[PDB]
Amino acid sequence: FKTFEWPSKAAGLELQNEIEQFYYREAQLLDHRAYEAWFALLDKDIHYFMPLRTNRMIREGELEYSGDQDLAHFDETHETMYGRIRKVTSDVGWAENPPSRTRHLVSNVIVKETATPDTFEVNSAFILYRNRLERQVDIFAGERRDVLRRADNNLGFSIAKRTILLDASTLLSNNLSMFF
């Protein structure tokens, strides 16, 4: 995953605002525990993916990320995501009951048009702030690489692919009870 291959001519102002506003809305759903409303944004062919990251010398830098054959923090299609949603809304889902208090701050949004109409490759940075129970604080940073489509829904777009690049090798948090 090298530098995101952004388009020469930048996305239109209206399109920029649209996708930025999409992300803001999506963050509001997740920060207020609207997991049902959030799940609807995911297409059937969704690939939710958070790869592993390692420490390598520059000699062997291309080994930093885990491949398709390798393991990951997340490798989800539609049904397995659905499985996680039933868990987080469940009364017996202890990891998030009582629920956490999260904040998904989004910026650095870069938009790339594609061959398929109403479809975009989107790069965006984030800092996820998670506060849990009495005193627990986990701060995450990283980027998101999405393939987004225009949608009938209330947020404007639907998600077809999402790759989360997390700026961490060893996870400092005790769990990933949250969605990126």
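Between two forms, the rigid core is defined as the largest C-alpha subset superposing within 1.5 Å. A residue's number is simply how far along the shown sequence it sits, counting from 1.
Superpose by the rigid core: which stretch, 23 to 31 or 112 to 120, shows more Cα shift in 8 other deposited structures of this protein?
Stretch with the larger root mean square C-alpha distance in 8 other deposited structures of this protein: 112 to 120.
Would you tell me which stretch averages the higher CA B-factor in the PDB entry, 97 to 105 or 69 to 77?
Going by the record's values, the stretch with the higher mean is 69 to 77.
So 111 to 119 or 134 to 142, which one's hotter by mean CA B-factor in the entry?
The stretch with the larger mean CA B-factor is 111 to 119.
Among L30, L155, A125, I46, which residue carries the highest C-alpha B-factor recorded in the PDB entry?
In this record, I46 carries the highest C-alpha B-factor of the candidates.
Going by the CA temperature factor in the PDB record, which third of the chain does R25 belong to: lowest, middle or highest?
Lowest third.
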